[PDB]
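To start, the structure itself, in C-alpha cells.
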Amino acid sequence: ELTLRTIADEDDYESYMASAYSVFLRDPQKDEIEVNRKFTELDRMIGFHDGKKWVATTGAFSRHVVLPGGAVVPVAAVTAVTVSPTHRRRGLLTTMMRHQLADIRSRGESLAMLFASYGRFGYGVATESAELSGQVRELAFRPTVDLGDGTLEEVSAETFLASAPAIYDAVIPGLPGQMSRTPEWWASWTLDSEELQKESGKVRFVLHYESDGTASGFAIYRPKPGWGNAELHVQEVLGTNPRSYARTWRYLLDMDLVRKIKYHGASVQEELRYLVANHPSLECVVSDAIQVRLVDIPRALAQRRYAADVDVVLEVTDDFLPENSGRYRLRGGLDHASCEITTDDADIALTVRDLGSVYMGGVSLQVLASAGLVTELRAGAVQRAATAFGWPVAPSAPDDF
Amino acid sequence: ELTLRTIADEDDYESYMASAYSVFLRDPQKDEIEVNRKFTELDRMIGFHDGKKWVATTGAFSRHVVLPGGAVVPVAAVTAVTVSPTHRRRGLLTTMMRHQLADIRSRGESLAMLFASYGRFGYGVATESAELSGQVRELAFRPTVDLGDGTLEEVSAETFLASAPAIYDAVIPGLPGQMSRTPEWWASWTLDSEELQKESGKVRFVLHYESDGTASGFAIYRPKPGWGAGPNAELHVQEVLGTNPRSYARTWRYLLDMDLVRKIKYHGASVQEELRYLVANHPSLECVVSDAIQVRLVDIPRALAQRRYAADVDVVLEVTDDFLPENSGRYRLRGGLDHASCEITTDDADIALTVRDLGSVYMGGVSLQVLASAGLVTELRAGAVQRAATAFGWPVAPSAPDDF
Amino acid sequence: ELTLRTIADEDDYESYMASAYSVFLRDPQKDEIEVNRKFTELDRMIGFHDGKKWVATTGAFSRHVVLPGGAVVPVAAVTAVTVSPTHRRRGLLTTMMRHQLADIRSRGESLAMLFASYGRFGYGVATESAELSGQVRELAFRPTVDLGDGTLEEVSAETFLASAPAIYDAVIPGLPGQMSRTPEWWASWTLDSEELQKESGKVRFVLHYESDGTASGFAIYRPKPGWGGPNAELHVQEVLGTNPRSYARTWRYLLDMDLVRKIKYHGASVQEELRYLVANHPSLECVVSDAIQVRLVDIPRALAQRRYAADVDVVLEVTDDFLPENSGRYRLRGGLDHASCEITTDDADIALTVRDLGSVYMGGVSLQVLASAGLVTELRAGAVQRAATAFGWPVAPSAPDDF
Amino acid sequence: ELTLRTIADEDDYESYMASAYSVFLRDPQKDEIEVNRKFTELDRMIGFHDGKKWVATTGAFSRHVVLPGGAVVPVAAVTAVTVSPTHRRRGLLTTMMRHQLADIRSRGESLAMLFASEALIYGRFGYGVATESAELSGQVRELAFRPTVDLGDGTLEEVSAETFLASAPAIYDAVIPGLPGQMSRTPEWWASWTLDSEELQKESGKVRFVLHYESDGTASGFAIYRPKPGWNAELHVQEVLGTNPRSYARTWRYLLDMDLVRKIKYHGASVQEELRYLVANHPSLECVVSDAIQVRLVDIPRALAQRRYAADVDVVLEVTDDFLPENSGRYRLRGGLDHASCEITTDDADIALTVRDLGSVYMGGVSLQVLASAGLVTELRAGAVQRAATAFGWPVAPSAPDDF
Amino acid sequence: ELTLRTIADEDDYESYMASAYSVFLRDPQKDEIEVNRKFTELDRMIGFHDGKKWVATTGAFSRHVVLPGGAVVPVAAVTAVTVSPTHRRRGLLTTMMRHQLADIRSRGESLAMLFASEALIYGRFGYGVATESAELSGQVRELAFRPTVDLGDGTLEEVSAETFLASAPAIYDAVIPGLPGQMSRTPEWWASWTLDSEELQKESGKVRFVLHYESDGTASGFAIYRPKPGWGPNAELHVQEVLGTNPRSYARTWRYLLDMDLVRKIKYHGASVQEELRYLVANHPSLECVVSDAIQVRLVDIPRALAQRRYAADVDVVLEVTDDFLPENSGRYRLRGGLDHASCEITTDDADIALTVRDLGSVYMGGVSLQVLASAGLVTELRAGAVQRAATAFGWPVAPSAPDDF
C-alpha cells in the first residue's frame, strides 16, 4: 500500500511539505516553503506515499559545517522527519533512516546533523545552545570592554546581504558547528516570515562599520512592541573583532522603549555572557542544539583537529549500522589526525551515538564515562581522550534547518 | 567614630551575625547562627563597629578545596560580606578587603573563594552551577543505564552522618571545587533549618547500599507537598552523590520514581551533572546556568603550581593586579597532567591578563579563549591562548561546594 | 414603532443575523451565516424591526430529537434569541416567546429545545454536558479495554461526510438528546469556521475502519500548537463509534499523538464512555454545566412519546404559568414498552410546574432531588420515588450539535 | 527482615501514623492523630515493620454505611494505606490486601470502602469507584435562588463546638437514611469531623458552626465552614444539612448573604446536591466532579441482598474476582424496592463483569449500561443490562461520608 | 549629511510617518496615516533627512484648546517626535525643538501641548506635565449609582458612524467650554477620533457609537466604545469617550454601558481625574482609579498665555520666571487675575515667587498645585503668603482633562 520514493515535481513538493507541517500541528508556511525550495534537492527528499497523500517524510540538504580546527566538510543537514500519527508503529521510520543513512554515505558525507525535536539510530546530542535574556537596563558591560570607534546603521535586506556574507565567512572558521551560507541560504535565514512576525515584528538588519567605512559586524533582530514591556528578539549578532561585536550589542541594549532582550540559539560560551558586568542579569538556559550521526567513523575522526595530543584505541559499537562497528586507533593533535583499524588492545568502549556526542567538543567524554555510558578499559585513557575531543571554542548552533 | 576590629565574645558574635542578616533584609536565623559558630574563628571575622552596632562585616572560614588534579589546598572561604545601608560610600568595603586579603596572605593561603551574591578586588567568577528541574514522569533514563542491585533507606540525620562522610571523601578528589567537610561542616550542611522548612519541608536523608551492605550513595532532599489547583508536589534536592555510576543512577531513580511527586528541582548542581546525560529526553530537564564561586588568587605562582593541567602547557603570562600591585608580574607556567611549576621569568610574555580573569579560568570553568575573543584577555604571541585555554580546562567541570 | 415580523429576503437575513452577533459582542461570522442559511426557514425566524434595524430576534429550526427509548420526534430547535441592549425592559422577549410557542404547537412539535446561554417561560434545564480535559500522557486506559485491530486515517471533509453520517445514524438511537443530521446540518457541523481557527486551528477529520474496511468510528478535532514550556493542545469536537473497540481505539489515536500535551472535549456527555476507560479518573477533569433546556408544548403527547426506565402509574398536577391552557391533572402510565397520558379526575400524586416537568423529561435531572429541594411537592407517599426512577434512563441525555 | 503485624501499643501507634504521613510527604498531624485514636482499633491496623520503623501500613475502622433503601450495614472504612518508597516492588501491598480483605470478611462486613485519593490501591484489588463528589464554587453575589424557593421562618446562630454537638447529631441521624453512602457518626467520629485542625487553619481559618432553628426553637439544620480572609474573602464549606427544604435553603442563604464574602467553595458535596437546583443561574455555581468512595465487595451475595433496588430485577451475573477467586461465580439477583435476594447459581448468565465493576454500580452512582457501552461489561442476553442498570440505580445519588 | 526640512509631498509624507512608527518599534498604521493627513499641514512637519531616509521627526498640528474659564485659544499640538536609534546623541532633537518652538511663536500660538506618551522629550525643553488622566475600571455589576442620581427619561440608540457624527459634534461643542484641556474638533479630527482603526480592533473590537436622546428627541449625550468578547467569562467594554449636556444624559449613558448583558468588566482610559462617574458610583472601591500624566505644556508667549486664562480667585503676584532653553522668555512678570479679568506684563517690582518655565506650564492648566511644588522644593517662595494665594488662583474648580489623542 505504501511506496517509498522521492519528490517528483513542484506540486508533489508542496504536498510533501504540507504533510510535514501537518504532523507538527501547523498549517503549511508558504513563504518558508517557497524560499527553502531554492536549495532543496528533490532526490534527497524521501518519504512514504499511500497513493493519495504523504504519510512519512525524511529529507536532507547538502551543507558544509566547520569542524574543530577549521576544516569545512560536507554534511547532510537532515530535515522534515515526520511520520503521520495514523502510520506509527509500522517500521516506516527505521526504513527511511536506513535508506537515508546509506544515501548520505554514498555522497561522501562523513556525518549527518539534525536539530533536536533518535539515539537508537546512532544520533547523539553534540552541541547545545543558550537562550540569553534579561532587562536591557541591567546589562552594562565591564568597564574594560572597548567599544571602538565604529558606527552602525539599520539597513535594508539587500544592503545587509551585500556585506553580511563576507563578515560571516570571515568569522566561522573559528566557530565549529556553523555552516556555510550560499545566497539561497541567506535568503531563507533573512526571510521576514509571517510566523515570526506574529511572535514579534518584521525583521530588521543592522550593519556595523569601522571608522574607515569597512563593514565589520552585523545583527538580525525583530522588535516586539509593548502589549501590556517592549522586547527585542535577537536572531544573530557577529563581528570580525571584539569592538564591533561589543558595539553592536551595546546598540541593541541602549535602544529606547526597549525593556527586555532575548537571544535564542546563542552559544553556551557566547561572548556577550562575559561582556556583561553582572552575570545574573543575563539569564542563561541551556538546551540541546544539534545531534550528530557519524556515517564514516574513520574519515570523520581524521577530518577534525584535536585540542591536545591523543593516541587512543576506541572499541566502537554501532547497533543500527553494524558495518561501522570496529576497533579504531585514533592518533590526533592540533595539526594532525589519523584513524584506522587496529588489533591492539582497546582503551575505551563506546557506542557510535556517544562518539558522535563528543565529536564536536560540546560534550565531555569523561562525564559520559562517569555517568556509566562509556567504559574505560585502560587507566588514564578517558581523561586524555576527553581533553583531546574538546576544543577551546564551544560548538554552536548553525542557522535553522 | 568607626573601629575596625574582630569579634570579641559570644554576645558580640550574635550582634555581628544579626547585623549581616539585617543588611540582607532578613531576621537573624538563630539555628544557622548557632551551628556555624562551631567552625567560626572569631579572629577571622572583621568589621566596622560604631560603638553600639556593627555597621559592616567581612569574614572567612579556614577551609580546604579540591583543585583540578585532585590536590586539596587551604583556602579562605570568605563569608558575611555586608555594609550597612546607612554606611555606604564611606570606603568601608575596600578597607575590609585590604585587611582580609592581607590576613589571608600572612596565613599562607594561596587563594580566597566567595559565593556570588567584587571584580575590582581581584575576584573573578571561576565556577558555575545549574538549577536542574522538570516533571519527574518525563525523566526516564537512557536504556543502557545500569541501576545495579542496590537498595535504599530513608534514615535519620545521625545514621546519615555515619556513612555520608566516607562516601563524600571518596568522590571529591575527582570533583574540583568541592571542599573538605569536618563534622562541624556536616552539621551545618544537614541542619533542618527553619527557613528551608518554610520553602519546602523538613530535610530528609537517603543512603544507597550495595548488595553486600556497603553504603555507596546518598541523597539530601526536602519534600514540598502539593498546595494547589491540581497535583504539584515537589522534591527539592540538596545533594546526590555515589561512589559508582550504578549507585548514583539508582539514587536519582529513587527520587524520580517516588509517588505523589510531580516536579523535582536540584539547585546548585554541576553544569556537567551526570544526571543531565542519564536522562533520555534532555529537554525534559531544564538547565539554568548561573554564577557560583568567585576566586581571588592571593599567591599567584603557588596557586598555579598547585593544580594540574588537562594538557601540557609552557606559557608566559603577564599578570596585572590593580588592587594588590605586589602580585603583578610575568610568570612562566609549565604544567601538565603530572607536573606544574610557575615562577618569575624574563622570557617574552605570551598572554596579558588581569588577576581577576586569571582567577576566572583557574578552576577550568571559564575558557581563556572566550575571554580573549571577548577582548578581555590579550594574546601577545600567536597560538598561545589556544594552548593555554585547553590546559587551564579540565575534563570535569568545577562545581559549587556546600554553601558558606 | 416596532414591528414583529419574519425574515423577508436574503438581505433581510444577513441584517437579521448581524443583529444577533452584535448583541453578543461579536462581528457577523459570514461563513457561519452562509452555511446555516441552507437549513433556515425564513418563516420561523421572527423579530422586532424598528424600520431601519433589527432590535430583537428569535428563531427555530425544524429538527428531530432522539427520546429515551429511541423514538425520533419533531422538535423546535430554538436559536438566535437576542434583544438589543437599547430595547431591553420593553417586553419584547415575552412577546416573541408567546408568538414562537404558539407557532411551535401548530407545527406538531410536542416540545422545544434551547441551548443554555428563560425559566419564566417554562424552559427547564434537562440535559447537562461535561468538559473533559487532561494531560494526554496521564490518560492511559484500564488494561482490560480492548482496542481491536482497526486502523485510522485523517481524511478530507468530503471523505469524512461519506462515512460519518451512517456511523452517526447507527449510534444515536441509544443516545437520547442527539438530533438527526441532514447533509445541510453536517455542512454546518463540519465547517472550518474562522472563529474556531483563531482559538485553535483548522478542523481535522478522522475515520476508524474495521479490519474488513468498514468505517466504524470517527473524530472531529482541531490542533492548537504550542504558544508558550510545551503546551500543544487538541480540541475534540466529537468522537463516536459503533462498537466499544472503535470508540476506544479512536480516543487512543488522539491521546497518543506526538507533540500533544493536553486534550479538551467540550460538550461531552456527563456519562461519556471515555470517563470510564481512563485508568486514573482524577487525570481527566470533568466540569458539568447546563446544556439543553426543554419547553414542553404538548404535555400529554410529549409524555407519551418517550419510554420509561420502569413501570409507572402516577397522576401529575401540572401548572403552566406562562401558558395556562397546558395546566391540568394528567395520569401518566408508562414503561419500557408503553406510554400513555391523559387528563384524569383521580387524586393527584405530584404537584410540579411545567418548567420542572421538562427538566426531568430527558432523564438527566432527578425528580426526587427536585422534591427534596422543595421545588416539587409530593402529595401521596411513595409516588415521587417511582416516578423519579421511571423518568430516569440508564443512559444520560447528551447535548446535540450546537444550534 | 520484614514482619507483618498489628499495632502493639500507643508509641507504636504514633510511629505507625508518622510513617503514613511521611510517605505522603507530610509532617505528622498530631491533633488528627490524637482525636482519631479514640475510634481506632489497634488490631485492625496492620503493616510491615523492619525492626526499627514501619515500612508499609493499612488499617480499617469499624463503621456503618447507609445503603440504597435505608438499611445501615457494617462496613470496613479502610484507611492509612501506604508503602514506603524504599520498599516498593516487594509484594508488600498485595500481602496486606489479602490479609485485610480476609479479616474484613471474617468480621461480618460484606464490603470495604475507601476514599479515592492519590492512594496506592486506587483501582486495584477489586476496588471500584462507586461514589463521586462535586466541588461547588462561585461568586456568592451571583448565587440567588429561584423565586419559588421558600426560606421559612427559621433563625440562625453561630455557636461553639459543644453547642453544635448537642444538636447536629440528631439532625444528621434524621437525614442520612435517605442519603446512601453516608455513615453513622458516634461522638468519637463527630470529634474528628469537627476538629479545628491546624492543617485546615493554614488553608483558611478556624472552624465555625451554624445552627438553624425553626420558629418553635427546634434545631433543624446546621453548617460547618471556615472563613478565608482576603489576601476576595472566601468561605470554605465543610457540610450543610437540613431536615426540611426550608432549613436547608435558609442555611445556605445565610452563608451566601454574609457580608465581606466574595467566593464560596463546597468540596465533597453530592453530585446531586440540592443547592445546585436551588440556584437560579446554574453557570454561576461551578461543578467539578471527581472520584469519592471505592467499594470492594467481600461477601457478594450478602451485599447485593442488603440494599434495595430502584425497580424490579431478576438477573444472573457472571462475576470474575481475579484477586479473590473464591468469590468468582454466577449469582442470581432478585431485587426490588421492597425485597432483595442473591445466591450462587448455575443458571445461564445474563451479564458478565468483574467484581470491581460490580462494586462500581453497587451504590447507584455509576450506570451499568454505560459500563456495558464502554466495553468493560458484557451483555450476554438481550435486554438484561437495561433492566439491571435501572435497578442498580437510585433516585438519590450516593454521596461521600465524612473523611477517613 | 543631514538636512533639516519639511515634508515635500505625499510620498515624502508616508516615508516621514513610516520612520516615526519604526522608531517606536511599530509597523506604520496606514489607516491612521491616511485619515490624519486630512488635517496635517506639511509645512509644520519638520525633521532630518540623510538623503534616503528620515532620521528624525518633529511635527505640530494647528489646534485650539479650552482654558480655565472657557476661553478657546490657538495651540500647537506637537506630535511625531522621534529620533532614529542610530542617530541619537548627535543634537538633532534640540535643533528640531528650537526650530519648532520658534515656528510656534511666529504663528501667534501662546503655548504648545504634547502628550506624555511621546517619551522622547519627556519633561525637557521647558515642557512640564500640566494635565493628568485616569484609567477607571471595574466589574460592571459592582458599579451601581447612588440612589439620588437622576437618570432622566431619555432613550438610547446604537447608531452608525455617520449618524453619530450628525449629532455628536453639537453635543461636544456645548460641553467643552466647561472642561479645560479639551480641544476644538473639526470634521477632519472627528473622522480620526472615530476611526475604526485596525490597531484597536485587535485589542478589542470594532468601534460602536451610542446617542442619548431627550424625551422630545434631541440628542443630549453620546458614547464611543469597543467590545472585547470573552476569551479563554470575562467580556469587556473599552470606553473611549462619554459626554452629556446634562447630568441625566451623562448618567443614563453610563448606565446603558454598565447594565449591558454579557459584560463583566469596563475600562475607561483617558478619563478625567475628576470624571463625574467616579462620584456617581455608590461604592468607590469598585471603580479603580489609576492616575498618570496626560498633557505637557510648553509656554511660548508667557504674558499672553497668563492673560488668556481666568483664575479661580483674585491674585496679584510677581513671578520670577527662568527659561533655560529659551532665555528670551525669561523675565519678572506681574500677574493680576480673577474670575472675570486677567493681565500680565514685565515689572520692576519685587518678585514673590521664583520658578522655571517648566513648572509654570504645569500649574497653568490648574492640574498641579503650586503649593505642593514649593513644598517639594521645586519652587521658591520669596515673599510669605504669595504661593498659597497664587496656588489657589492658578487652580480651577474643574480639573483639566486630556483631549483627543495627537
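Letters A, B, ... mark the chains of the C-alpha cells in the order given; residue numbers begin at 1 per chain; ligand numbers begin at 1, in order shown.
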
Long-range neighbours of stretch 107-118 of chain D as an NGL selection string, 8 Å cut-off, only C-alpha atoms, 5 positions minimum in chain:
(:B and (260)) or (:D and (73-79 or 129 or 291-300 or 302-303 or 403-404))

Backbone DSSP call of alpha helix (DSSP H) for stretch 183-299 of chain C, listed as a ChimeraX atom specification:
/C:183-189,194-199,244-255,274-277,299

Select all residues from chain C having any atom no more than 9 Å from an atom of chain D (counting only C-alpha atoms, ignoring ligands), output as a PyMOL selection string.
chain C and resi 119+144-146+243-245+247-248+271-274+276-277+279-282+284-290+309-311+365-375+385-386+388-390+392-396

Can you pull out the residues contacting residue A:236? Cut-off 8 Å, using only C-alpha atoms, and skip same-chain residues under 6 positions away; I want them as a PDB file with N, CA and C atoms, in the first residue's frame.
```
ATOM      1  N   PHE A 218      27.431  42.696  12.109  1.00  0.00           N
ATOM      2  CA  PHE A 218      26.030  42.777  11.730  1.00  0.00           C
ATOM      3  C   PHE A 218      25.161  42.212  12.843  1.00  0.00           C
ATOM      4  N   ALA A 219      23.867  42.511  12.755  1.00  0.00           N
ATOM      5  CA  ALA A 219      22.879  41.972  13.677  1.00  0.00           C
ATOM      6  C   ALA A 219      21.567  41.787  12.934  1.00  0.00           C
ATOM      7  N   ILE A 220      20.848  40.724  13.284  1.00  0.00           N
ATOM      8  CA  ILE A 220      19.499  40.470  12.795  1.00  0.00           C
ATOM      9  C   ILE A 220      18.595  40.401  14.015  1.00  0.00           C
ATOM     10  N   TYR A 221      17.569  41.249  14.054  1.00  0.00           N
ATOM     11  CA  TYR A 221      16.674  41.262  15.201  1.00  0.00           C
ATOM     12  C   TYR A 221      15.264  41.621  14.757  1.00  0.00           C
ATOM     13  N   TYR A 263      17.888  36.429  23.128  1.00  0.00           N
ATOM     14  CA  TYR A 263      18.749  35.868  22.088  1.00  0.00           C
ATOM     15  C   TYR A 263      18.630  34.351  22.194  1.00  0.00           C
ATOM     16  N   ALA A 266      21.852  31.241  21.003  1.00  0.00           N
ATOM     17  CA  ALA A 266      23.206  31.722  21.207  1.00  0.00           C
ATOM     18  C   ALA A 266      24.128  30.554  21.547  1.00  0.00           C
TER      19      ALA A 266
END
```

For a test of reading the model, state the distance in Å between atom CA of residue D:15 and atom CA of residue D:32, rounded to one decimal.
14.0 Å

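The space separating atom CA of residue C:399 from atom CA of residue C:215 comes to 23.7 Å.
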
Please report, as a Markdown table, each residue of chain A lying at most 12 Å from chain C, together with the nearest pair of atoms and the separation in Å rounded to one decimal; use only C-alpha atoms, and order rows by chain and ascending residue number.
```
| residue | atom | partner | partner_atom | distance |
| --- | --- | --- | --- | --- |
| A:19 | CA | C:154 | CA | 11.1 |
| A:21 | CA | C:225 | CA | 11.0 |
| A:22 | CA | C:223 | CA | 9.5 |
| A:23 | CA | C:258 | CA | 8.6 |
| A:24 | CA | C:259 | CA | 7.2 |
| A:25 | CA | C:225 | CA | 5.7 |
| A:26 | CA | C:225 | CA | 6.6 |
| A:27 | CA | C:202 | CA | 7.9 |
| A:28 | CA | C:202 | CA | 11.3 |
| A:50 | CA | C:153 | CA | 11.1 |
| A:52 | CA | C:155 | CA | 10.2 |
| A:53 | CA | C:155 | CA | 9.8 |
| A:54 | CA | C:154 | CA | 11.6 |
| A:55 | CA | C:153 | CA | 10.0 |
| A:82 | CA | C:258 | CA | 10.4 |
| A:83 | CA | C:258 | CA | 9.9 |
| A:84 | CA | C:154 | CA | 9.1 |
| A:85 | CA | C:257 | CA | 6.0 |
| A:86 | CA | C:152 | CA | 5.8 |
| A:87 | CA | C:152 | CA | 8.4 |
| A:88 | CA | C:257 | CA | 9.5 |
| A:89 | CA | C:256 | CA | 11.7 |
| A:90 | CA | C:151 | CA | 11.7 |
| A:117 | CA | C:259 | CA | 9.6 |
| A:195 | CA | C:227 | CA | 11.6 |
| A:198 | CA | C:227 | CA | 10.9 |
| A:199 | CA | C:227 | CA | 9.2 |
```

Quick one: which chain B residues come within 10 Å of chain C, and what is the nearest atom pair for each with the distance in Å to one decimal, counting only C-alpha atoms, rows ordered by chain and ascending number, as a Markdown table?
```
| residue | atom | partner | partner_atom | distance |
| --- | --- | --- | --- | --- |
| B:137 | CA | C:137 | CA | 9.2 |
| B:138 | CA | C:137 | CA | 9.6 |
| B:230 | CA | C:282 | CA | 9.2 |
| B:231 | CA | C:283 | CA | 9.7 |
| B:283 | CA | C:229 | CA | 9.7 |
| B:284 | CA | C:229 | CA | 9.5 |
| B:286 | CA | C:229 | CA | 9.7 |
```

Apply DSSP to the backbone of this structure and, from stretch 201-266 of chain B, keep only the residues in strand (DSSP E or B); write these as a count of residues only.
32
